[PDB]
Every structure is written in C-alpha cells, then in structure tokens.
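Peer 1: Just the structure for this:
(8 chains, ligands or ions: 5)
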Amino acid sequence: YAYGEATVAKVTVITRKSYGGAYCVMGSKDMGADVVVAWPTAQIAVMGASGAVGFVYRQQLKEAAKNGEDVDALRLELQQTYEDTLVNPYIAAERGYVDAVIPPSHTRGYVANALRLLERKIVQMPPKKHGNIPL
Amino acid sequence: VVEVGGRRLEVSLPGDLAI
Amino acid sequence: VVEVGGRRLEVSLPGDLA
Amino acid sequence: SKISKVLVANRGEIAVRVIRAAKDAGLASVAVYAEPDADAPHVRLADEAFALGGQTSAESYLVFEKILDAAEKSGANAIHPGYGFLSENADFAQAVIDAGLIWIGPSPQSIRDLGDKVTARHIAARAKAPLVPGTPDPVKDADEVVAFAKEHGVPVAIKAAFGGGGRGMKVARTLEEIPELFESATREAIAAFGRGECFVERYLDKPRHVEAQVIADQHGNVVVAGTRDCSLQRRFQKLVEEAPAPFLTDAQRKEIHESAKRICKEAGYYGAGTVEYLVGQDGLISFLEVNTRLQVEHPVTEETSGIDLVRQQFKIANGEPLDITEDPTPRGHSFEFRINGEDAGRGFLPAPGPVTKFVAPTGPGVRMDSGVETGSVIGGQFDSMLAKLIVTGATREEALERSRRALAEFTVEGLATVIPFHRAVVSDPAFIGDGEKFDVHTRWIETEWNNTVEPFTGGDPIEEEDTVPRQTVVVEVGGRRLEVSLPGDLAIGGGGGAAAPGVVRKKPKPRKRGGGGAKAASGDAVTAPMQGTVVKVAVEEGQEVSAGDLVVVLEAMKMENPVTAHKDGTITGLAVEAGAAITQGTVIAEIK
Amino acid sequence: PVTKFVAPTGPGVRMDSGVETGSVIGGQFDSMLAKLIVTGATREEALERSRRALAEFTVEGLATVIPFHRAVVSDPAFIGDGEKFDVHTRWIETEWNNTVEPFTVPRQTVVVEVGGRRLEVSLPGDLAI
Amino acid sequence: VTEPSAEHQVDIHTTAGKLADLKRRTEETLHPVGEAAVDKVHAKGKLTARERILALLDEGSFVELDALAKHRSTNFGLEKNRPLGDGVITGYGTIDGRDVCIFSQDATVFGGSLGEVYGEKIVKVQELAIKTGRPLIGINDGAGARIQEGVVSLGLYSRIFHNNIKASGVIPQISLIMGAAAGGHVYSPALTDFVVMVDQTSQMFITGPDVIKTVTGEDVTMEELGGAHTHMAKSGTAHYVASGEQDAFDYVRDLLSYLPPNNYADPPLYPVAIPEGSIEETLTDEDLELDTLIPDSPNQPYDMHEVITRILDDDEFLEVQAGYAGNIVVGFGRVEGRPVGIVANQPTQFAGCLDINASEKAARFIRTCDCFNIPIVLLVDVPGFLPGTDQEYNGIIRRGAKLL
Amino acid sequence: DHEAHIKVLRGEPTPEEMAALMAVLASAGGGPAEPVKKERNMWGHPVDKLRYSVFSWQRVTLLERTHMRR
Amino acid sequence: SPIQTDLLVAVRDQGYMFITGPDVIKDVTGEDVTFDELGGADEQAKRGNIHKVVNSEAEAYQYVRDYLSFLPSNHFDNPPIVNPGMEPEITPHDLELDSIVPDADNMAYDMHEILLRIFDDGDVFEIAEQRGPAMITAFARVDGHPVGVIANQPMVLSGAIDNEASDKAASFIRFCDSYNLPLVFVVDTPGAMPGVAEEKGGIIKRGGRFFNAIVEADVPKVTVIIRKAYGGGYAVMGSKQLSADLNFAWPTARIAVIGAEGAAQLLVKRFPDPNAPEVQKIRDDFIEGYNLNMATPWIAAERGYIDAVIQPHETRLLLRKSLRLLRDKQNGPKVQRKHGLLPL
Ligand SMILES: CCC/C=C/C=C/C/C=C/CCCCCCCCCC(=O)SCCNC(=O)CCNC(=O)[C@H](O)C(C)(C)COP(=O)(O)OP(=O)(O)OC[C@H]1O[C@@H](n2cnc3c(N)ncnc32)[C@H](O)[C@@H]1OP(=O)(O)O
Ligand SMILES: CCC(=O)SCCNC(=O)CCNC(=O)[C@H](O)C(C)(C)COP(=O)(O)OP(=O)(O)OC[C@H]1O[C@@H](n2cnc3c(N)ncnc32)[C@H](O)[C@@H]1OP(=O)(O)O
Ligand SMILES: Nc1ncnc2c1ncn2[C@@H]1O[C@H](COP(=O)(O)OP(=O)(O)OP(=O)(O)O)[C@@H](O)[C@H]1O
Ligand SMILES: *C(=O)CCCC[C@@H]1SC[C@@H]2NC(=O)N[C@@H]21
Ligand SMILES: [Mg+2]
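Peer 2: Numbering: from 1, shown residues only, chains lettered A, B, ... in the order given. Ligands and ions are numbered 1, 2, ... in the order given. There you are, the coordinates:
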C-alpha cells in the first residue's frame, strides 16, 4: 500500500534477485515505479529455478522415476536449462518491466537523471477522505 | 362512507388497519 | 375510477383513509 | 414391398401426424427439416431426422435430390409426402418410384391426369358426374368467351387449367368485364404457371363447398369414408370445416357418394384423396376437382367415421386390399378450426412471430394437432398454420357448444391468430343456421361476416396509461376471488410516491418511421418492407421506372407481396436476384 | 413439484388433468395428476395408440405410474390372446413383472363490516400499493 | 447433399448460422475444461466459479464480460490447452437492487492460477468498479501465479494490487475466500476492505507447507497453516468465518446492506418512524432492562452485547471479526434506520483491557467506517491497557497509537 | 382521459364487496412518500470531505456538478 | 450569431443564410447564382450549416419542443425522464432483431430498422439528417433517460465515413458530452472514404476531430457492432481502446484492419495480372478463409477488445443494464487545464 500510494518520484535498481510476490512489493513497474533499471546480475522470475522446474516438468520427473532413471541428474539438467533460459533480467526487459539493463556504474547517472526530472510529478489518485491501509 | 357506483355504503374498519 | 372487466365504475371515498 | 422405415418429406402438423401414424404402425419414422425447422416438434417426435439445410422451401423441401438423399442415407424404404410441396408433383412421384422406394400416394399418371383440370373434366364427364354449364374444352379467345356468355349467360368465370391454391380464377358479372379479365388471367397464368390454357364456365354467386373423403385401392375397391363441408373460406382457402356435411338432402348425399366412387373408378385412382364439389342455393351439385393427396381436413372424418385415414394409406401402399368394405356411417358431428398466424382484424394477413405461449384446449371432445409448442418461432418462409383444433359432439348444436368452450379455453400469445374469428363464428347466427340451412358460403367471411376483431398489438403500450407499470395481485373479499391490477403510480387516500423523480408520461411512438408522406421513400433506395423471398424481379439494371411500377415480388408466408417504385427515376444498383432471401429494410435498388 | 408436464396430444387421445407445469402436490389429496384416454376402432389399434401416447407423455419433478403404464401396454399377459387375457384384480400384485427402476410468506387479513355484511378481506402479505 | 441431424451445423455463411455458432461458443463456456471437472467439484461438495456468482447476485442480473477470452502463452506447451475464460469469470450485476462488479476465480483451470489474460480480465472489472463508483466483490481461489507464464503474471499481479490501492477508500471492496489462495493471491484480499472465509474449505498462505518444511523443518498441514480459524483467531486477517458458502454469501449481502456504493453517495437508510415525545416519555421496557444491567461490584463482568443489542434497532447487529481480539466488539447496526458502527469494550475478555490485537481490530474498523461516512458509537468500559512484557516487546505503544 | 385505473381483471363483485375492497386498499395505500418539503441542505455534504488534487477533473465533474445541480 | 448556436432550424423557401448576396457576388466576381444555389435551406443543410429544414414555422416550433424534450435546462441540471420502465421482458420486437441483418456482406439495409427496435420506443429523434447522410446522429431514450445515438447508415455510401459524417459526429459528440447524455454507438462501416476529392476535402483533419471528440467526451460510452468494423471505422466508432466503456458485438460482426476484398487486392497485386485463373481461384480461396478467420468477432472477443458477443434480441435490455451501471461514471484521471486542443 505505501509504495503504490506514494506519489513522489520512485526509482528502482534491481541487483540480483527479484522473485515472486516480492518483485511486486519491491518497486515493480506496474505498481507505478517511475524508473526501473537492472544490473546485469539481476534475476527476475516467478520463483527460484529449483521450485519452478519441479513443477513445470512434473510429467518428465514422474515418468523418469517410473522408468527408474537418474532423476537427480535429470533435475539438474532441467534446472540448468531453466536458469540459463528464464532467470535473467532480459525476460523482464523484453516485457518492458525493466526500462534499461545497465552497467552498474551507470546507476548514479540514471538515478540522478530521474530525480532531477521527476521533482514535480503530475499524478493523482481518485478523490477520497483517506485510504484504508491494512492495519 | 364509501360510494360505489354512487350507491352509498358505510364500512367499519379495524383500529389497526394498515397495509 | 375502478374497472370491472373493463366496465367503468366510479367510486368515491373520503380524501384520506390511511 | 411392405413399408418398414418411412420418411415424411414434410413439416409441421402434418409431419407430426404422419410420424404419429408410423408410431401407431410400429414403423421407423425419419423426418427431414430445413434450417428454420431445426427445433421443430416433429424433429423431436421422429425416430430419426436429417437436415436438408437451405433456408427456403425451394432449396429445402422442394429439392428432389435432397429428399432422395435423405431417404438413401437413412435407409428408409418408403416416402410419404404429406400435403403441399412435392405431394402432387408427379415428376417427384415418378422419381420416388424409380428410385426403388414405396411412394405412399397415388400413381404418377393419375396425378398428372387429375392435375390437368381439363383432363379431369373429361374424366368426370366420362364418369358422368354432374358438371356446371361450361366450356368442354379450352377456349380460344374472348370472342368465344362472350359467345359462351351469351349462349349460357352471366355471371361467368375464367379459370386457369393448372392454377391452384386459390390464385387461378377471375369472374365477370357483365359482358364489358370479359376482355380485360381474359387478358389479365391469360398473362397471369402464363406468369405463375407457364400454362396459359384457360377454360370458362358459369359462376355460382354463393356456393357451398362440399367434398367426399375417398379411399381407393390397388385391388379396385373404393369407399367413401365420409363427407365434409368447407364453405368457410377467407380468400379461396379454408378456415373452418365440418363433418359430416350438414344440411343436405339424402338425394344430394347419395349422389355424392355415388359420383365420387365413379370418378375414382374412371380415374384409376388409388390411395386416399377427395372429390370436391360445389352446391348451389338451387341445390344443384357440380364437380369441382380431385385432390390427389391426404387433405388437411381428414381429422373431422376420422372422428365421425372412425377410420384412421393415414394408416389406411400405409395399408394401400403395402398393396393390401381395403378391410373396410362399405361407406361407414357417422356417429357424431365434428368441426376443425385452422389456427393460422393471421390477423383477422387486419385483413387476414399472415405475420411471423414467436409463440411465447401455446396452451392448447383439452378434455371433452377436443383433439389438438399442433405443429407448434411454446417457444416455437415462425418465420416468413412457410405457411402460417400453427395447429388444428378438432371438436366433436353428438349433434351439431352440442359440437358447437363444445367448440365455444374449447375456443374460449384456447390461448396463443406472441403472434396474431384467427382464434378471435373462430370465437365469433361459433356464435354467429349465420353459421348457427335455422336448423336446416346456413347463410354462410365461400364469400361469406370476406363480405358478410361482421369483422368485429380489433387489430393485434401483442402487449405493446399504445396509449399513455399503458406506460404505467402494473402489479397484479389476488385478493379475496368475502371469500370471492378477485384478480386486481394496481398501477405503480396509483395514489389514493392522499398517497405520494407516484412519478417519484418527476417522471413525464406521454403516448409512446410506434416502432415505425414517421410514415407521413414518406417512410424510407424520401430517399432513392427501395427497401424490402418485410422478410421474404424475392421470387420475381420485375426490372433490370439501368431501367427507367415510374412511381407505382412493380420492382420486385416478395414471397412471405407463401403470400406474394408486390414491392413497388415510390418515385420516378433510373433503377441503379439493383442488388437482388430471383430466389434471394431478403430481410425487412434490405435495400433492393436505388431509383436514381 | 410438477416441474414439467408435456401432455400427449394428437389422434385418438384425450387428457383430463388437474395439474400443469409448475403445479405442486402433497399427501393431503389424491396424488392423482391426470387421466389419459386412448381410443381406436379395435383393442389392438387402441393398444398401438397407447404404446405411442404413453411414450409421448412426459412428466418431471415427481415420480409417476407412467413407466408402469408403458410396461403393461407391452405385456403379452395384457395383450389379448384373441378371446381372453390373463389379468385379474390381483394381477399387478401377484403376476406382473414390476421391474421398473426407482426415481433418482403468510397472506394479510382484515375483518371488515359493510352494512349488514361481514366480510373478511385477505390479500398478499407484501401488498405495496 | 443431406446431412444427419446430430452432425449438421447451420451454415455459418448465414446470419442464422453465425447466431448458432454464438450459441455453441456460449454453451462451451459453462464447462470450459469439460463436465468431468464440474462433476468433480460438485462431488467435492463445492459450487463452481459460475454458480458462486449466480448464487450471490440477484437472479438474472448478471452480465458476463470477456466470456470467450483465451490465454496467448506459448511457453512449456500451454498453447495446447486454451480453456475459454482463462479460468476467471468476470462481470457485473445487482445485489438487493444495487449494482456491483464481481469476479470469481475458477480453481479447475490450471488450479485457478493467474495468467496474463486472467489478470487483464480482473483489471478490466476493477477499473469498471472504480470508474462507476460501485462495490467490487472478488471470489478468490488460486494456486498463485501460473508458473509457465513468465514474469508477465507478476506484472498482472502488480497491476491488480495497484488497482486495489487506488480503489482503497473509494468503493467498498469485499473478498470472499473459498479455496486455497496461494502466493500473490493473498495480497489482493488483504488490500480489500472485508475478508470472508469458509471455515474448512478455504485457506490463505504465501509460502506452502513444503517450502516451510524445507526451510524450517516445521511440518504443518495447509489447514493449520492457512485455515480460516488460523486467520481469524491468530493472524487477524479474516473478518468472517462462514459455516458454508451460502452463509458467506448471506454475510456479504448483510455487509453490503450497510455500506454506501461509494465514498460520496448517501448511505442506505431504512424508513423508520420516530415516535413523538421526550426521551423520558418514550422509554420501553427493553430500555428499562438497562437500569439493572451493571453489577454492583466494579469488577464483576457483564456481556456488552446486552447493551449493543438493546440500543440497536431490532437487536440486529452484524459483528465483524467476532472471533478475533474478543476483548473488543466491533460491527454494524442501525439506529432509527441509520447505519452505525459500534465499537465496544467487552468486559468478559481481559476484563475489557485494550491490547495490541484489539487496538488494530478497532482501528481498522473505525477507519473503514470513516471512509464511508458511517457514524461510530463507542461503548466504553476499559480499565486500562493489558499489562505485560509480551505487550511491551510486541509494540503496544506503536500499535495502540493506531486507535488514537 | 388518460389516467391508469385499478382493474378487477377477474371476478364480478357486488357493490358491498367493491366497497370492502376499496376501503381496504385505500387504507393500505402508502402515505406521503417522497415528501413535498424535502429541503436542500448541502452543509457537510460528502463531496466536500474528499481530498482533491489541485488539478483533479473531479473538481469539475463531481464537486462543482454536485454543488450546482439543482 | 446563429452559427454559434447548437441547433439551426430553417423554413424551406423562406429561410436563407449567406454572407454575400448574389448582387455583390455578381459584380465583384462575375458569377451568376440564385438564392437557392447560394444559401437556400436545403443547400445549407447538405453543407451542414443548418440542422433541420421544415416546411412551416409551426413544424419548426414543434421540432424545437421535441428537441428540448431530450435536454436538461443547462450544463448542471438533469433532463426529464419520459416513460421509464416500459417493456421489461424480451418482446417480439426484440426477437425480430435476430434476423434483421441480411445474410450476404455486400447487401445493405436501413439502420433505422435496428435503431427503432433497440431503444425504448420509436422516438428516435434525428438531427442533421441531410448533412453527411452516411451517419445518423439522433436522440433516443433508454429506460426513460435520453441518450445520443451515433450510428452508421449502410443504406448510404456503404456507410463509409465521409468528411461531413466525420464533422457531424464530432459536433454531436461534443454537444452530448456538454449536456451529459450517454453516447450509444451502432457500428457498421468500412471506415473512412477513399479518394482524392475526400483527401482534398480534409478527411484527415475531420477524422482527427472525430477521434478527438470521442476521446474527449466524459459521458458513458456504450458500443454495439453490427457487421463491419474495419480499420479507422472500428477505432473511431467508440472502440474500447478509445475509452468506450462497454463494447458488444452481434455475431455478424467483422472486426479487422481491412475487409477481405481489400486484403485480396493487396495480396494479388504481388502476382501478375489475373490472366491465369489460378489468380482468380487464389483470390476466392483467400477471401473465404479470411471471412472465416480474420474478419470475425472471435479474435476481438478472444483478446477482450470487445466485452461480449450477444444475441441481437438482448441488445435493448443489455443497454438498460449497462447504462444503469454507468450512470455515475467519473472520467479520470484527467488533468484539468484551460482546454484540450483540437485539430483545426
Ligand atoms: C482537459 C481535457 C482535454 C482532453 C483532450 C483529448 C484529446 C485527445 C484525443 C485523441 C485522438 C485519437 C488519435 C487517433 C486514434 C487512432 C486511430 C488509428 C487507427 C486506424 O484508423 S487504422 C486504419 C487502417 N489501416 C490501413 O489502412 C493501413 C494499410 N492499408 C492502406 O491502404 C494504406 O494506404 C497503405 C499505403 C499503408 C497500404 O500500402 P503499403 O502497405 O504502403 O504498400 P504495399 O503493400 O504495396 O508494400 C508491399 C507489402 O508487402 C510486404 N513487403 C515485402 N517486401 C517489401 C519491400 N521490399 N518493400 C516494401 N514492402 C514489402 C510489406 O508488408 C509491405 O507492406 P508495408 O511495407 O508494411 O507498407
Ligand atoms: C507467487 C505465486 C507463486 O509463486 S505460485 C507457487 C505455488 N504454486 C503451486 O503450484 C504449488 C502450491 N500449490 C499448489 O499448486 C497446489 O496444487 C494447491 C493449490 C495447494 C492445491 O493442490 P491440489 O488441489 O492437490 O492441486 P494439484 O497440485 O494436483 O494441481 C492441480 C492442477 O492445477 C495445476 N496447477 C496448480 N498450481 C499451479 C500453478 N501455480 N501454476 C500452474 N498450474 C498449476 C496442476 O499442474 C494441475 O494441473 P494438471 O492436473 O497437471 O493438468
Ligand atoms: N364454377 C364455380 N362457381 C363458383 N365458384 C367457383 C367455381 N369454381 C371454383 N369456385 C370457387 O373457387 C374456389 C377455389 O376452387 P378452385 O378449384 O378454382 O381452386 P383450388 O381449390 O385452389 O384448387 P386445387 O384444389 O386444384 O388446388 C372454390 O372453393 C369455389 O369457392
Ligand atoms: C406450405 O407451407 C406447406 C403446405 C401447406 C399449404 C398446402 S396447399 C394445398 C393444401 N391445402 C391447404 O390449405 N394447405 C395445404
Ligand atoms: Mg382441392
């Protein structure tokens, strides 16, 4: 509530992880972050690859167990393929949920630029007496 | 008094007649 | 005015009966 | 061979009537339906069904290939055509026989010979049935027509040799009327039937119409299963029909029972059928024509004579001899009423519409043959007849009294019907009669019935007070049940709340364009006034036309409606071709 | 509840009924619903018509004897062997094969005098007027 | 050529055929993953997502939006299974004659997990509710984000949460929980104004029992973790615990009957005729039963509902969070037809002391009434704050200041 | 004449039973619903309680509309 | 002064409106021109300077009374409510809509046969009938509340949006917004007119103004699509993407960037001339596949660009339900300012 309500300038710098509902809470774009940048090391995903692969590949991981195969080595191979495919900043940049993926040294430049431009934001909420924050 | 077709009648109604 | 099968029948009452 | 699986190549009440016969015979029943009939009660009643596709009859029930393909793919071995459509198309009857299927009907040659009404007259003269003074041959020209009109007098009718369904005839009261009526009836017969051949005969002003129900046999037997009177006719089609024919001498009765059998004998007819007759106020009978099919009004003869006239068709198609040897006597009297979707208050014009309710009469003496149920929908592609009500009583007066009850019990809603007319005539002295004759005749409904039926409006609000909402409640007073309708803006005893927000009420406008001096006709476009089929296009692209000129004819409900130019100009963008389906408001052409 | 009631119609059928679609019934009355009457020229023809009409008769929302009727009109015990049939006043109970599988606010009142008349008036319980 | 009745379809080159095609496509939306799933939900004793909507709304009032929607994902083979509606049912209708916007999440489609189109459907109906100023009801079942869809599902969660924040204090927001709401599915309910749970068939939890076991060793059932009793008595998140789904709908209709449609419309007064004369001239025997209520000893407790039910009309009182922090009673009633919120100390628990949980219970209730202009009546019988180091270390100062 | 009347759609009562029906219905009939002296009093109207951004269009389409609508 | 007003009604052969009379035109510029050719009532109605032409002053008075019967007295107050609550069930007149649209896409029909059935009664009060007659702008009532209806007229120019249809709709939309009437859009159009005469006539700016007025307006916006909704026609006729509130289609609707024939021309122009009938056969196949797939309701329904596909008979009661929901619509967030600028 506090982040979605706030109407000051909001900048997000993502440095490694931003998984699951904590992506939403920590300054997601659709929550109304004004500038979102990510470092090359960022990892934006619905959940960590361990948990994701065990669910997505349920068919293969049951079938291989009934075949008696090396399910552990299969899980490692699938988890590596998932980490290399989806656990990066680029799927969020492709969706435009990150505005730029930046060399970390650029962080102060992008932040200072945003803060200099957004010192007045022409944004508003629906009229209310006050909100009803969960308390 | 109630007039029905002009014929006069008188009607007795309970002390709590409503709705 | 009340109608009985569409036959007109003027009825009159005191101006209040509530 | 014997029938095992029968296909009923027809719709509606007659489709259910034949399927019910097949069930009463243990036969397997196959239905077919056009696109509009995909939800019709006969499709549910049949043991099996096939979709012809196509929206109009001309691309559905009239298509031989589609009907034969249905019979083949279903593996049916017999075809019953019902009535109308193909039931008197002798070329279809032949194609059915040579397709190797049991044609449940008369032989093609008998259908041809009786379909040419002049060949039928030659046969009826051979049979020495009584004929009206009239030409024994097709006439040549109006000069011969005037000669006949002077040698056998006036009034005189000109009749097409192949016309039917009421279209085929026009009458002159005077010698001055002969020329233009001959011209018109000639070119109109050429247009509607191709065969321009016509014949000319003396006209009865107020005939009754009477007919014999004939059963005829491949073993050469013939039985008159009963007789009917059908004099209540709105255009030249029937609406109310009686069995047995009332108010006849036994000389007339026996002469009918004789001459009908002689006509069947000479025609070589077999199967069910009828011979129609006209009976004058002088009491003279004349032969009219022979219907080569199960008539609509078989039920009243079923009720009075006890024969199942369709199962008899199954027996005859099996080639079994008649198991009735002689003409059964009546055991009561019966009336049939056609429940047409026509507004008697509006000139008996038919209208499509939803059947939002259909509560049939039931109980004492009542039979309902309905092709319709609550939630059925009627479009402008097939005849207006929803159902038939048949009522019987031990004497004509008791049958009429039962009919008065049944017609008051009948409620149909959502579309106009003739029921208010039936409710009138079952109470009109002209049709009650003096105990020995009627005053009704085949022009009575259009000239001498008092048309007291107000036009249909459904539930529409028409006047300002109709717009006020109503609550209907049941009240007892002294235990007497009353049904009371209370307006929502009712205010008595000083009450408030009426028109609460400052409502205005006024007479609502009809759902039609302004209609004063023009509707669409202020523009160049010619638009179809109702749903139908463009059966004739009377113009070509680029033709100059004048106001009143015919542009197209729309078939709707098998009524033909002319759509005509509202202005002078050049026919531009003629959008339609003969046989196209068309909807209300569809642009036909621009007169520009 | 008689949640549906499609009566049979057509040739040779009469229906006399005390219920219609949306009626209700309770044990205080006969628990009859209707009488189907079928007729023909002969016993066999009337049985053919009954074997149709009883299948055309559809009733829903309560159990009815219709499946029994549909069975008995099919029974060689009940079909006439020319000049006899086997049924008797014990036949349903002692001879017929009964294989049929089983089926699976108050109103307002006022007491009013009008001249010499006494009149209770009774009305829907929520009359808004 | 002729075609058998069970096979033939009306020609889609005609208006009537296109209309029949609409009837087919509509009928397919009643059972979008086949009737075996509908049967399975009934056998499990639950209503389907559509039956829930039709049981809550006034009969025939429902208009459904985006009925034919399908997801557009191609990851991990989702393109092979595209059930109509994407597993949420959305629209608007009427409750007790007043119009409301509704959504109902369907657990049979991918476990009710949120996808892109599912989220866009919910966002559409949230925006419609905000734009019209009408109550929003959400019925929630779902295994969180649909994991095969990427971060897109987290974007849609962020948008749904942001709409709940915008609507906060603008329109009444009510959440029914009628299944397992997992992960992101829990935060929208928390942002809505009232949470109704079904006492055994519904759960909320962020992290599942298996991850809790992996990270902490705590072996816990999903009912112990997220059950309705847990979220009433312990976490304080639920506002009501219905004995069944019908009881939950009845409670939601009761709630809606007290609230205005929005923060600027007038509240729904019932017509009540005020009797004439003075306050002392108009004492009823039920009022005179209050003069003997208070025990003579200052320390003997009494049930404060004996006051609440006597000062409220018809004794009618809709208690809120009845099972949580029982030392304070809060809820709705009417006084001469006017809705009011009651906030009353309950002597029978902690002698009526205030504590952390009562302070938060009453503070959010008061702020909810104040958003929607409902007057508050306080019944005060408080000996102080609840003494204890547990209250001090858990923050009675910081969280008691909430009720101030 | 264009008033909407009460219709006894079924039955045929005597004038005494008409009088009983009318006296019942007339005394059941609602009183002064929508009262003639519903004064205007905008003191403390909820629209004045709301926070509005200085540029909020609802200052036109809600606040001013609500004050000025008569 | 008259041309600033909201409604001009002229009496035929009596009312005339022109800046410079025939004599001054003649002697300054040499042209010959009669009063009718210069500024007669019918001419100025076709040019869109007059909103109604009537045959008598009494007809003008009655037209004013009818017009004022749909409107509030001012920007702030409510309109009169006329005959609310009529016909709350599905009627035969509703069920007549299931078959009103002709089967073939090349056919045309009078849109009034729909408009007279989807509103409370036949009181569809048309304004500026003669200006840009490919477009209908009318008042109607829904549950007794007045609404402004913008509807295409397939009967005229295939319903293409010409220059004057565009500016007529823009002007009527801004008027309805100023007086708080809900807007109902009834869509059946191939979009903007092609051609050099319409380009030079300004179609780009007039369409831009129509787009501007539709996005500007704050009132409830509800859309029903009948058959064609191609390109800019779909966009401008109250698309959801242009802030329309609720959007419904009949199952006959066809929502696409261009109609099948146009897409077939763009396809076939990549081949040589159709001297080989393989080209004709490819056109015919492509057009059937396109009318089965791209040019249908179903893609816009699957994507949620329209909220439902409805049976035609539902339309009247569904409009009542929708506008009861939308009654209190507040349009935002919008930044208050002097005014929104407009393509001129
Ligand atoms: C205080 C508050 C204040 C408030 C104020 C508020 C105010 C705010 C209001 C707000 C106002 C609202 C603003 C508006 C709303 C949006 C409206 C727009 C939507 C439409 O209204 S939507 C129309 C429908 N939309 C077309 O017709 C296009 C297409 N239809 C046409 O008719 C066009 O006239 C044209 C010219 C484009 C067609 O012609 P062509 O496409 O230009 O050319 P071609 O097909 O011959 O080229 C060959 C084709 O094959 C391919 N290709 C292969 N190789 C090559 C190669 N080497 N070179 C080129 N192409 C190649 C390729 O596909 C190419 O096509 P391409 O390259 O993609 O063009
Ligand atoms: C931020 C939100 C997240 O990160 S979501 C992470 C947690 N979601 C999970 O999938 C695990 C946690 N809960 C579950 O999925 C459980 O299934 C719950 C919801 C508790 C219910 O268990 P149960 O009723 O036994 O269902 P099940 O496991 O048999 O699954 C039934 C069908 O639903 C599917 N499903 C379930 N959850 C998801 C999901 N999150 N994303 C996608 N699909 C999901 C299952 O695959 C299964 O479908 P199918 O039978 O395989 O065709
Ligand atoms: N000679 C006649 N005199 C008087 N009226 C006649 C005469 N011939 C026919 N009519 C009238 O014409 C009506 C229609 O009979 P007609 O045989 O001309 O056509 P139809 O009944 O349509 O024929 P079909 O049964 O062959 O289709 C008859 O009911 C009768 O009213
Ligand atoms: C048409 O819709 C199907 C057959 C109904 C018309 C036919 S015409 C000849 C028969 N006589 C009659 O009155 N109806 C039948
Ligand atoms: Mg005949």
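
Peer 1: Format the CA atom coordinates belonging to stretch F:225-234 as CSV.
Peer 2: Taking Å, rounded to 0.1, in the frame of the first residue of the first chain, the C-alpha atoms of stretch F:225-234 are listed here in CSV:
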residue,chain,number,x,y,z
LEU,F,225,-1.0,-23.0,8.2
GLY,F,226,-3.7,-21.0,6.3
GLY,F,227,-7.1,-22.2,7.6
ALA,F,228,-10.0,-19.8,8.3
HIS,F,229,-9.7,-20.5,12.0
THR,F,230,-6.0,-19.6,11.9
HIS,F,231,-6.7,-16.3,10.0
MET,F,232,-9.5,-15.4,12.4
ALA,F,233,-8.1,-16.2,15.8
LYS,F,234,-4.4,-15.7,15.2
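
Peer 1: tell me which residues of that stretch are tucked away?
Peer 2: Neighbour counts over stretch F:225-234 (16 or more other C-beta atoms under 10 Å in any protein chain shown) mark F:225-228, F:230-233 as buried. In this view, the C-beta of every residue, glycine as well, is placed from N, C-alpha and C.

Peer 1: Please apply the same query to stretch H:209-225.
Peer 2: H:209-214, H:216-225.

Peer 1: can you give me the end-to-end distance of stretch H:321-338?
Peer 2: Taking C-alpha to C-alpha, to the nearest Å as the measure, stretch H:321-338 stretches 35 Å from start to finish.

Peer 1: what about that stretch, near chain D?
Peer 2: No. Legend: contact between stretch H:321-338 and chain D by C-beta under 8 Å from any C-beta of the partner chain is lacking; minimum distance shown is 12.6 Å.

Peer 1: of the buried residues of stretch F:225-234, closest to residue D:260?
Peer 2: residue F:228 (85.9 Å; C-beta to C-beta).

Peer 1: Excluding chain neighbours, what is closest to the closest one?
Peer 2: Spatially, and ignoring its direct neighbours in sequence, residue F:228 is nearest to residue F:197 (3.8 Å; C-beta to C-beta, 6 or more residues apart in numbering or on different chains).

Peer 1: cool, residue H:318 as well?
Peer 2: Using C-beta to C-beta, 6+ apart and skipping residues adjacent in sequence, the residue nearest residue H:318 is residue H:310, 6.2 Å away.

Peer 1: Residue F:90 versus that neighbour, what's the distance?
Peer 2: Distance of residue H:310 to residue F:90, given as C-beta to C-beta, to the nearest Å: 16 Å.

Peer 1: Same question for residue F:313.
Peer 2: 36 Å.

Peer 1: Same question for residue H:120.
Peer 2: 28 Å.

Peer 1: more crowded one of the two?
Peer 2: Using other C-beta atoms under 10 Å in any protein chain shown, the more surrounded residue of residue H:120 and residue F:90 is residue F:90, with 29 against 26.

Peer 1: What residues does that one make contact with?
Peer 2: By C-beta atoms under 8 Å, 6 or more residues apart in numbering or on different chains, the contact set of residue F:90 is F:64-66, F:102-104, F:121-122, F:124-125.

Peer 1: still on that earlier bit, show me which of the buried residues of stretch F:225-234 is closest to residue D:221.
Peer 2: Of all the buried residues of stretch F:225-234, residue D:221 sits closest to residue F:228, with 85.4 Å by C-beta to C-beta.

Peer 1: Leaving out sequence neighbours, find the closest residue to whatever residue of chain A ends up closest to chain H.
Peer 2: Chain H sits closest to residue A:124 of chain A, with a gap of 5.1 Å, by C-beta to the nearest C-beta. Once flanking residues are discounted, residue A:124 sits nearest to residue G:53: 3.9 Å by C-beta to C-beta, 6+ apart.

Peer 1: which SS class is that neighbour?
Peer 2: Assigned by DSSP: H, G, I helix; E, B strand; the rest coil, the conformation of residue G:53 is coil.

Peer 1: ok, the closest residue to residue F:221 other than its chain neighbours to residue F:180 distance?
Peer 2: Leaving aside its sequence neighbours, residue F:221 sits nearest to residue F:209 (C-beta to C-beta, 6+ apart; 6.9 Å). Residue F:209 is 11 Å from residue F:180, where distance means C-beta to C-beta.

Peer 1: cool, and residue H:320?
Peer 2: Using C-beta to C-beta, we find residue H:320 at a distance of 39 Å from residue F:180.

Peer 1: is stretch A:126-135 anywhere near chain H?
Peer 2: Yes. Stretch A:126-135 reaches chain H (C-beta under 8 Å from any C-beta) through residue A:126.

Peer 1: Which single residue in chain F comes nearest to ligand 1?
Peer 2: residue F:131 (16.4 Å; C-beta to the nearest ligand atom).

Peer 1: Can you report how many residues lie near the closest residue to ligand 1 within chain A?
Peer 2: When distances are taken as C-beta to the nearest ligand atom, chain A reaches nearest to ligand 1 at residue A:122, 12.3 Å away. Other residues near residue A:122 come to 9 when the count uses other C-beta under 10 Å.

Peer 1: Now it: closest residue in space that isn't a chain neighbour?
Peer 2: If the residues on either side of it in the chain are set aside, residue A:122 comes closest to residue H:335, at 6.0 Å by C-beta to C-beta, 6+ apart.
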